[PDB]
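Going down the list, the protein sequences come from chains E and D. If you use the entry's author numbering, the first sequence corresponds to residues 63 to 192, 199 to 228, 234 to 276, 282 to 412, in order. If you use the entry's author numbering, the second sequence corresponds to residues 63 to 102, 107 to 192, 199 to 225, 235 to 275, 281 to 412, in order. Heads up: the structure comes next, in structure tokens.
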Amino acid sequence: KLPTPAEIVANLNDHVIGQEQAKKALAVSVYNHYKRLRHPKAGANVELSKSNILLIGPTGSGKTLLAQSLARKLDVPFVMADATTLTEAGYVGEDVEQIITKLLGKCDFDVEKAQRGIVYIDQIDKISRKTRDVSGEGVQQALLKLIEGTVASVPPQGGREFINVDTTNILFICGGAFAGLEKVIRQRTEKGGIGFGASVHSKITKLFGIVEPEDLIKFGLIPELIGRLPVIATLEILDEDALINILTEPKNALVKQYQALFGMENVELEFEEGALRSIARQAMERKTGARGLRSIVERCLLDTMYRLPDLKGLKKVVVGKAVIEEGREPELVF
Amino acid sequence: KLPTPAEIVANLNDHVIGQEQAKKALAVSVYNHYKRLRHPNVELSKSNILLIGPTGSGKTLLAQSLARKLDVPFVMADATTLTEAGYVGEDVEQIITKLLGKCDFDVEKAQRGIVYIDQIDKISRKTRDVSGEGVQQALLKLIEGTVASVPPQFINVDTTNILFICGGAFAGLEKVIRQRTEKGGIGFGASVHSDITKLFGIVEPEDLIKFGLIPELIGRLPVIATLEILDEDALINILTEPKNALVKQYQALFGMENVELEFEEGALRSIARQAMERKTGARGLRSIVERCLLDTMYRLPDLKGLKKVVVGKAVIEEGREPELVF
Ligand SMILES: Nc1ncnc2c1ncn2[C@@H]1O[C@H](COP(=O)(O)OP(=O)(O)OP(=O)(O)O)[C@@H](O)[C@H]1O
Ligand SMILES: Nc1ncnc2c1ncn2[C@@H]1O[C@H](COP(=O)(O)OP(=O)(O)OP(=O)(O)O)[C@@H](O)[C@H]1O
Ligand SMILES: [Mg+2]
Ligand SMILES: [Mg+2]
């Protein structure tokens, strides 16, 4: 049978912390994706179209991790695409049908399976409008007919007879960090006016949560592509508390990754709660999202990691709060 | 015998709401197409069709719906994949290869087919414009009769009798038309004065030339049919009347469970209004319904005993839960 959307989110929960709405949007679409694919395809039965998703969120919020985490249990062909390598048909670069070639390769060129797969297109915000915009609007236009059902003509599994792939039922998840999108939403929601007769109006998570096509059009996406991404799911910006859970709760938590490296030696690595909050706070100030957690941990551990493989008798190393706030050595337990 | 244009529209009516002028233009052209193919005497030339309309107006659906009852080979081409003959990309003769493939490479049948070229507006003029004007130029001798040479199942295909339906959302065209018909000048003696349906309905070759199509291609598309921007009422029928209406699609998805989905009349009108504000045409209807039903669809497979879901007007305007009836 099919897993319920709650089971999909439960699996996503082992990897992504926060973004409850983005996890919900992905889980429901994938569940509906499954249902559509087992729906009768002939007779008096209504034809079912698909709802594609656009993921809008800040750097290091978990967009790509959601897609990668989702992929672990999809049971349909899944591919990670990259919009920065796409160009118009007549130019250097990859054409939009290259995506289908990659999805098709993932299932050993079994087309019937490729047509049931799910495509994640990363960096969708990088092909916005803001001559011939070969790598920008030209790609958005080329994708219009790939996202909506067409028949892609892609090379065979050998060297360059081409394969006809019906993309009608391929689910597309697009996303990116629309960095300039908050200013547009603020301009629309806080217009106001200047001068007497006119009235003057009051002045990331909140703004993205209210995004509308008008903003994406002014940002630089074309209306024809926006309407083909009917579901807009947003990711918030991680705060100090979310960044603490990301250090220890996930299946591949940052702390767990270092404990494993120290575990290839015979030394146990422990962080104090004061350190975890200090790390999360410092990382938050770097404005790189969760990624900033790695810089802090690499920083505080650099000198103990240098010595560790040469030290003999060490059993446990403790990273206290002081080791994050001040240039202190971690306590070494022999 | 042949279906009358009224029968062609009657079949289009089960898929496309409104757009009466576009349906009339297609029905008459297809009927004339059938008549040409039966005429052995004056030599007859074909009238090709250009479909101009906004996003979500139903152009491609008309072509898809039309294709269900054509009795001749039919394909949809994609102008965004076409390039000049000497460059990477698909040469315009691939259109014939696809039309020819649909009939298992029976050339006599392929030569009698109908081709819809989507995204025709994407090969406008605005060096060597390999993916733009170069394609328009390449198509001139494909749309007007030539002898194509295409790979085996080379095969010679006479395109004289192939009907071409081209279309696209000439997004910048409404600005061009306003510049022509609304002078918008400054001064005491100036005519000064600041609606997609009204504008497109008066489109002239002059506007398409200024937009970016070449006069040689415009003259080969003698029939310009225009689609209206969907209004509030059209967008309500699009939710429930078509064979593949949006609401019916969700009722079917809910029907993959044992739960019945019901919309109130007030909800349908509210959805249509919100869809218009998104400026995506009918496609905006899907965004609104997805928004309103996201939480219900998430929980519905886990809920036990649920038998009916009611989406009222208050569930479109306010962030409320659809009434769950157990
Ligand atoms: N919500 C989250 N929960 C758990 N880990 C997260 C979260 N957000 C980011 N991370 C961590 O950040 C790292 C990279 O995240 P990710 O690849 O999702 O960023 P991204 O979406 O690619 O950002 P960008 O859009 O700038 O490319 C991973 O190690 C991941 O564990
Ligand atoms: N007049 C209409 N009647 C019924 N459904 C419509 C109508 N117009 C649009 N739609 C709906 O809009 C969705 C997409 O329609 P369609 O593919 O015709 O748009 P489009 O022609 O691709 O727009 P564009 O050419 O700008 O991409 C479908 O769900 C279709 O049912
Ligand atoms: Mg990424
Ligand atoms: Mg279309």
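Ideal placement from N, C-alpha and C gives every residue a C-beta, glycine not left out.
Distance CB(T218(D))-CB(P301(E)) smaller than 7 Å: no
Close-in-space but distant-in-sequence residues of the same chain around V273(E) (CB under 8 Å, 5 per side omitted): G265, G266 and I267
Residues of the segment 291 to 320 of chain E with Cβ closer than 8 Å to any Cβ of chain D, in chain order: Hits within the stretch, in order: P291, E292, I295, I300, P301, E302, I304, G305, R306, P308, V309 and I310.
Any residue whose CB is nearer than 7 Å to a heavy atom belonging to ligand 3, listed in chain order: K125(E), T126(E) and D184(E)
Close beta carbons around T326(D), own chain, < 6 Å, minus the five adjacent residues each side: Counting only Cβ-Cβ distances below 6 Å, and skipping sequence neighbours, we find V333.
Secondary structure of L148(E), DSSP reduced to three states: Here DSSP, grouped into helix, strand and coil, assigns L148(E) to strand.
Beta-carbon spacing of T283(E), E314(E) below 7 Å: The answer is yes: Cβ separation under 7 Å.
Enclosing beta strand (DSSP E) for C378(E) [first to last residue]: Careful: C378(E) lies outside any beta strand (DSSP E), inside the alpha helix (DSSP H) at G370 to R385.
Per DSSP, cross-strand counterpart(s) of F349(E): In the DSSP output, where bridge partners are listed per residue, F349(E) has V397(E).
At least three beta-carbon pairs within less than 8 Å, the segment 335 to 354 of chain D to the segment 285 to 304 of chain D: no
C-beta neighbour in chain D for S203(E), strict 7 Å: It does not; no Cβ of chain D falls within 7 Å.
For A72(D), the three-state DSSP class (helix, strand or coil): helix
Cβ-heavy atom distance, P291(E) to ligand 2, below 6 Å: no
Contacting residues, own chain, Cβ-Cβ under 7 Å from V289(D) (five flanking each side not counted): Closer than 7 Å at Cβ, skipping near neighbours: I118, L254, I258, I310 and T312.
Distance CB(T147(E))-CB(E156(E)) smaller than 7 Å: Against a cut-off of 7 Å, the Cβ pair of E156(E) and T147(E) comes out as a contact.
Expected contact under 8 Å - CB spacing of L347(E) and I322(E) to nearest Å: Not really, about 17 Å apart at Cβ, beyond 8 Å.
Within-7 Å CB hit, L110(E) to chain D: yes
Endpoints, beta strand (DSSP E) assigned at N237(E): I236 to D239
Contact list for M383(D) against chain E, beta-carbon separation under 8 Å: Chain order gives the chain E residues near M383(D) as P67, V90, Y93 and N94, where near means a beta carbon separation below 8 Å.
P223(E): CB within 6 Å of a non-hydrogen atom of ligand 1: no
Alpha carbon of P67(E) to alpha carbon of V92(E), nearest angstrom: 8 Å
Where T66(E) falls: helix, strand or coil (DSSP): coil
Euclidean distance between Cα positions of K256(D) and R364(E): Rounded to whole angstroms, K256(D) to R364(E) spans 45 Å at the Cα level.
is_contact[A358(D), chain E] using C-beta, thresh 7 Å: By this cut-off, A358(D) is not an interface position.
DSSP bridge partner residues for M142(E) (one or two, in chain order): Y182(E)
Sub-7 Å separation of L116(E) and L303(E) beta-carbons: Against a cut-off of 7 Å, the Cβ pair of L303(E) and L116(E) comes out as no contact.
Cutoff 7 Å; reference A400(D); Cβ partners in own chain excluding five residues on either side: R406
Contacting positions in the segment 236 to 255 of chain E - beta carbon closer than 8 Å to chain D: Going along the segment 236 to 255 of chain E in chain order, one finds no residue with a Cβ nearer than 8 Å to chain D.
Residue burial classification, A89(E) (beta-carbon count within 10 angstroms, cutoff 16): buried
Integer Cβ distance of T240(D) from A220(D), believed to fall under 8 Å: 6 Å
Contact set for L285(D): own chain, Cβ-Cβ below 6 Å, skip 5 residues either direction: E255 and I258
Cβ of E376(D) within 7 Å of any chain E Cβ: yes
Test item: CB-CB of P291(D) and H77(D) under 7 Å: no
Assumed close pair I215(E), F251(E) - CB separation to whole angstroms, cut-off 8 Å: In fact, because the Cβ distance is near 18 Å, the residues do not count as touching under 8 Å.
Which listed residue (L386(E), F171(E), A106(E) and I79(E)) has its alpha carbon closest to that of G367(E): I79(E)
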